[PDB]
Enquirer: 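Encoded as structure tokens, here's the structure I'll be asking about.
Side-chain atoms are counted along with the backbone in the values below, which use heavy atoms only and exclude waters and symmetry mates. Order of the sequence lines sets the chain letters (A, B, ...), proteins ahead of strands, with each chain counted from 1.
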Amino acid sequence: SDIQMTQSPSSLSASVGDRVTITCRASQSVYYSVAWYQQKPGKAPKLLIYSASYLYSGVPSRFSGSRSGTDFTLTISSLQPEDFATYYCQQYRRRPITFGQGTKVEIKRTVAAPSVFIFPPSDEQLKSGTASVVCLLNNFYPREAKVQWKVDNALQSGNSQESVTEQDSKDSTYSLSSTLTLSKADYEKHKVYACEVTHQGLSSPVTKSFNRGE
Amino acid sequence: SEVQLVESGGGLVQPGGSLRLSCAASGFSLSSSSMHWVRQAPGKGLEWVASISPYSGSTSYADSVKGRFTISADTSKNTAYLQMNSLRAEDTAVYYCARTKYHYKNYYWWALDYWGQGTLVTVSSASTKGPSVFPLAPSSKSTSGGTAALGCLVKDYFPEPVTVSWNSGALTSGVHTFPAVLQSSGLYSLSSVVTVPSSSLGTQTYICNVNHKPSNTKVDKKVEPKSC
RNA sequence: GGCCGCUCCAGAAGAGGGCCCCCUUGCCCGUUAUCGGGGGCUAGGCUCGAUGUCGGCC
Ligand SMILES: *[C@@H](C)[C@@H](O)CCCOCCOC(=O)CCCC
């Protein structure tokens with residue numbers, strides 16, 4: 001019977017200088033056997049805190065940890081630019097050791113609506129037998145957005161995939177692709193291909209669409 | 001700065017296959033440590049795999065690798081190993097080797113205090129295949145505030161990675177190359193896009209340069225607007 | 001009614017075992033290894049013990 005570690009929120013946005021708190025709940029008591037790790041993209045985790053609140057050697061003192069029952073918190077007292085990263089908690093009260101799923105600390109900026117573009121499949125692709133329809137959401141903030149595909153006004157489900165960039169290194173926005181993949185046969189069964197986008201930066205949902213052929 | 005862990009042995013294997021990972025340690029003795037393997041599937045969290053105490057030979061394993069994976073250590077080489085048999089697609093991950101320092105004054109092992117750089121393990125039955133590259137063309141319809149969007153759809157390659165540049169690296173501003181998605185076919189796909197001034201479309205040439213080292217492919221695709 | 005027992009029956013019977021919580025390991029302890037103390041539960045299901053509503057002897 002393992003002990004689960006549940007981290008919330010999955011991500012949060014903050015600015016340099018903010019006080020940041022990250023929380024993790026053990027499914028049952030782990031006494032005081034919790035560690036916190038920092039991981040940057042493409043890099044190995046580093047130990048920050050062990051035994052709930054003890055700083056590991058060399059870790060800056062703006063990092064601290066505390067416990068309230070099964071709730072464990074990592075606090076960064078004044079967030080520095082090198083602190084944008086993902087943070088993981090882990091218990092070692094009982095084997096097997098288990099990790100929380102992580103909290104990504106991201107850069108806060110002003111709201112930015114996406115610019116939306118839709119791309120029909122190329123004739124090259126159609127000749128090969130497939131039809132990818134691409135909808136682009138460019139340079140928006142915050143990350144949350146809802147992308148809906150409609151084919152002849154019928155809402156699509158299960159036949160699309162999304163991909164989202166990491167925060168731009170220059171302007172801190174996100175960009176996102178949603179790709180609707182039909183067979184050539186299915187794509188020719190319909191006329192209107194529409195991508196509908198909801199985002200905080202938009203007063204009402206934006207729809208880009210095209211008519212097959214035209 | 002003296003503690004180092006150097007993983008090797010990762011690679012691409014078919015389901016059912018085997019790999020041996022190595023973790024070469026310096027700056028400390030393996031017999032004064034607990035050595036671990038922890039893996040991280042693409043875009044996911046950390047999953048403990050196996051631990052070993054080279055001093056005692058004691059080992060432990062995640063339930064889902066028991067019988068398949070064997071962790072071992074050669075103290076004469078200060079190296080730990082993970083022998084991985086009966087590999088499957090869900091084992092695809094970066095595998096990190098990590099250390100817990102032994103403290104004779106303590107009474108149990110504590111946290112994972114140092115982690116190596118990681119080695120990538122990919123388990124797939126897919127065959128190596130270069131991408132098909134299709135244009136994402138701008139049309140006169142879709143000009144938003146003096147800005148056009150165009151791109152390249154880089155579809156059905158294996159494995160990772162592909163690199164994409166634009167105009168042989170002369171075009172970098174406004175470029176977004178999205179993370180690849182693993183399609184249900186077992187092949188990868190991604191798009192790279194760029195926004196440019198719409199007035200430029202007649203007098204500028206936009207080419208995406210797609211490189212896929214595993215297939216030794218370099219493909220240049222001119223992306224131009226469709227008219228009428 | 002006595003004595004000797006637990007082979008059988010009874011649950012009237014309490015330890016083992018198992019789960020949870022507190023104390024930053026906190027008398028002493030601690031397998032290259034997570035303890036100890038305290039608290040909250042679990043009973044007739046296994047082991048051991050005890051008992052008689054049981055068995056044997058007189
Ligand atoms: C043994 C000392 C302990 O069980 C007695 C305490 C009374 O609580 C209920 C009985 O405990 C059990 O359930 C034991 C089950 C073992 C198979």
Enquirer: Between B/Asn209, B/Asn211, B/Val164, B/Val133, which is the residue that forms a side-chain contact (heavy atoms from CB on, under 4.5 Å) with B/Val219?
Expert: B/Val133
Enquirer: Would you call C/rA33 syn or anti, using the 90° rule around 0?
Expert: syn
Enquirer: Enumerate all atom pairs, one protein N or O and one N or O from nucleotides 38-42 of chain C, separated by less than 3.5 Å.
Expert:
none

Enquirer: Can you pull the salt bridge (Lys or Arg N to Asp or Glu O under 4.0 Å) pairs that have at least one residue in residues 19-41 of chain A, sequence neighbours excluded?
Expert: A/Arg25-A/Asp71
Enquirer: Parallel under 30°, tilted from 30 to 60°, perpendicular over 60°: which one fits the rings of B/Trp115 and A/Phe99?
Expert: perpendicular
Enquirer: Identify which nucleotide among C/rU24, C/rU32, C/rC20 has an atom closest to any side-chain atom of B/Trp109, counting heavy atoms from C-beta outward.
Expert: C/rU32
Enquirer: Expressed in whole Å, how much space separates the P atoms belonging to C/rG37 and C/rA33?
Expert: 23 Å
Enquirer: Please tell me which of the listed nucleotides, C/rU24, C/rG30, C/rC35, lies nearest to the side chain of A/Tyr54?
Expert: C/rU24
Enquirer: OP1 or OP2 of C/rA33 sitting under 4.0 Å from any side-chain N/O of A/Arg95?
Expert: no
Enquirer: Any non-hydrogen side-chain atom of B/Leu112 less than 4.5 Å from a side-chain atom of A/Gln90?
Expert: yes
Enquirer: Just how far, in rounded Å, is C1' of C/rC35 from NE2 of B/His103?
Expert: 18 Å
Enquirer: Quick one: pull up CZ in A/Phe72 and CH2 in A/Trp36 and give me the separation to the nearest 0.5 Å.
Expert: 9.0 Å
Enquirer: Evaluate the side-chain proximity of A/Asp83 to A/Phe63: yes if any heavy-atom separation is below 4.5 Å, no if none is.
Expert: yes
Enquirer: Considering only atom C1', compute the distance from C/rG1 to C/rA43 and round it to an integer number of Å.
Expert: 34 Å
Enquirer: When you check the phosphate oxygens OP1 and OP2 of C/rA33, does a side-chain N or O of B/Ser56 lie under 4.0 Å from one of them?
Expert: yes
Enquirer: Nearest-Å distance, OH (B/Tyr102) to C1' (C/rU32)?
Expert: 5 Å
Enquirer: Just to verify, which of A/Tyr56, A/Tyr50, A/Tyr92, A/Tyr54 counts as forming a ring-ring contact (aromatic ring centres under 6.0 Å, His included) with B/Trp110?
Expert: A/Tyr50
Enquirer: Is the base of C/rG39 stacked on the base of C/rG40, judged by six-membered ring centres under 5.5 Å apart and planes under 30° apart?
Expert: yes
Enquirer: On a plain distance test, is the side chain of A/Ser53 in donor-acceptor contact with the base of C/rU24 below 3.5 Å?
Expert: yes
Enquirer: If you assign B/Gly57 and A/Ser66 each to the RNA chain C nucleotide with the nearest heavy atom, which residue ends up on the more 5' nucleotide?
Expert: A/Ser66
Enquirer: For A/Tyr32 and C/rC23, is the shortest distance between a side-chain N/O and OP1 or OP2 below 4.0 Å?
Expert: yes
Enquirer: With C1' as the reference atom in both, quote the distance from C/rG44 to C/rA10 in angstrom, rounded to an integer.
Expert: 11 Å
Enquirer: Which whole-number value in Å describes the distance from A/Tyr31 OH to C/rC22 P?
Expert: 9 Å
Enquirer: Taking the side chain as C-beta and beyond, is there a heavy-atom pair between B/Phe178 and A/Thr165 under 4.5 Å?
Expert: yes
Enquirer: For the neighbouring pair C/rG26 and C/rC27, do the six-membered rings of their bases satisfy both conditions, a centre distance under 5.5 Å and a plane angle under 30°?
Expert: no
Enquirer: How far, in whole Å, is C/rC41 from C/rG2 if one measures between their P atoms?
Expert: 40 Å
Enquirer: Is the phosphate of C/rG30, meaning OP1 or OP2, less than 4.0 Å from a side-chain N or O of B/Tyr107?
Expert: no
Enquirer: Would a 4.5 Å heavy-atom cut-off, applied to side chains only, mark A/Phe84 and A/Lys104 as touching?
Expert: no
Enquirer: Pick the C1' atom in C/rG5 and in C/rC9, then give their distance to the nearest Å.
Expert: 15 Å
Enquirer: What contact category does B/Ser34 fall into here, base, sugar-phosphate, or nothing, at under 4.0 angstrom with non-hydrogen atoms?
Expert: nothing
Enquirer: Do any side-chain nitrogens or oxygens of A/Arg67 fall under 4.0 Å of OP1 or OP2 in C/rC22?
Expert: yes
Enquirer: To the nearest angstrom, how far is B/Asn106 atom CG from C/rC29 atom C1'?
Expert: 16 Å
Enquirer: Which nucleotide wins on minimum distance to the side chain of A/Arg94, given the candidates C/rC20, C/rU24, C/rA33?
Expert: C/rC20
Enquirer: Nearest to the side chain of A/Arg93, heavy atoms from C-beta on, is which of C/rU34, C/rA33, C/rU24?
Expert: C/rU34
Enquirer: Would B/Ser215 and B/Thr217 count as a side-chain hydrogen bond (donor to acceptor under 3.5 Å, both in side chains) here? Give the steps.
Expert: CA-CA 5 Å; B/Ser215 62; B/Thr217 58; 2.9 Å; yes
Enquirer: With rounding to the closest Å, how many angstrom separate the P atoms on C/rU51 and C/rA15?
Expert: 15 Å
Enquirer: Take atom P in C/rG11 and the same atom in C/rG18, then report the distance between them in whole Å.
Expert: 27 Å
Enquirer: Are the side chains of A/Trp149 and A/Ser178 in touch, meaning some heavy atoms are under 4.5 Å apart?
Expert: yes
Enquirer: Do the two ring centres, one from B/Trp37 and one from B/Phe69, sit under 6.0 Å apart?
Expert: no
Enquirer: Would you mind calling C/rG52 syn or anti? Take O4'-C1'-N9-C4 for purines or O4'-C1'-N1-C2 for pyrimidines, and syn is within 90° of 0.
Expert: anti
Enquirer: Does the side chain of A/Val111 reach to within under 4.5 Å of the side chain of A/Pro142, using non-hydrogen atoms?
Expert: yes
Enquirer: Between C/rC21, C/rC35, C/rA33, which nucleotide gets closest to the side-chain atoms of A/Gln28?
Expert: C/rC21
Enquirer: Using whole Å, what does the distance between atom P of nucleotide C/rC19 and atom CG of A/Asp2 come to?
Expert: 13 Å
Enquirer: Starting from P on C/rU32, measure out to NZ on B/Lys105 and report it in whole angstrom.
Expert: 16 Å
Enquirer: Between A/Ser33 and A/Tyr50, who's closer to the 5' end of RNA chain C by nearest nucleotide?
Expert: A/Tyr50
Enquirer: Using a 3.5 Å limit for the pairing distances, which stems of at least 3 consecutive Watson-Crick or G-U wobble pairs does RNA chain C take part in?
Expert: C:1-5 with C:54-58, C:14-16 with C:46-48, C:17-23 with C:36-42
Enquirer: For C/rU51, does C1'-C2'-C3'-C4' say north (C3'-endo side) or south (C2'-endo side)?
Expert: north
Enquirer: Determine: side-chain N/O of B/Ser58 to OP1/OP2 of C/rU32, distance under 4.0 Å, yes or no.
Expert: no
Enquirer: Taking C/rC35 as the reference, what is the distance to C/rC20 when you measure between their P atoms (whole Å, please)?
Expert: 14 Å
Enquirer: Check for me whether C/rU53 and C/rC54 meet both conditions: six-membered ring centres under 5.5 Å apart and planes under 30°.
Expert: no
Enquirer: By nearest atom, which of the nucleotides C/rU34, C/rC22, C/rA33 is closest to the A/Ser29 side chain?
Expert: C/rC22
